[PDB]
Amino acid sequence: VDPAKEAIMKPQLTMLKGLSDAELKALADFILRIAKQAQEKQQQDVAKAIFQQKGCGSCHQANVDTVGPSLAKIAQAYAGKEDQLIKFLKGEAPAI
């Protein structure tokens, strides 16, 4: 640690006094997990908005074929081929 930064943080540990072991365990779990969970939600919200706004959802339902194949069908075809999927989305790789 940078001692000057520790000097800012160390005093804030007093704010956790009186919490139970269970509370501190939950807090530690949260500290370890929240950043990835928040990032994934942010990215998925961005994706969902694009998918609806650009018109994709008009032909692609999650689990039923309509005008186009379901997203289940698409996901099956591109399982383990995300690089190729991105290339398809960019117009660089033809449809499978």
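Residues carry their position along the shown sequence, with the first being 1.
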Please compare 38 to 46 with 25 to 33 and say which has the higher mean C-alpha temperature factor in the record. 38 to 46
Using only modelled residues of the chain, where does the Cα B factor of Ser58 rank: lowest third, middle third or highest third? lowest
Going by the entry, which third of its chain does the Cα temperature factor of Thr14 land in? lowest
Taking the chain's C-alpha temperature factors as the reference, tell me which third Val1 falls into: lowest, middle or highest. middle
Please place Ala7 in the lowest, middle or highest third of its chain according to the CA B-factor in the PDB entry. highest
Per the entry's values, where does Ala75 land by CA temperature factor relative to the rest of its chain, in the lowest, middle or highest third? middle
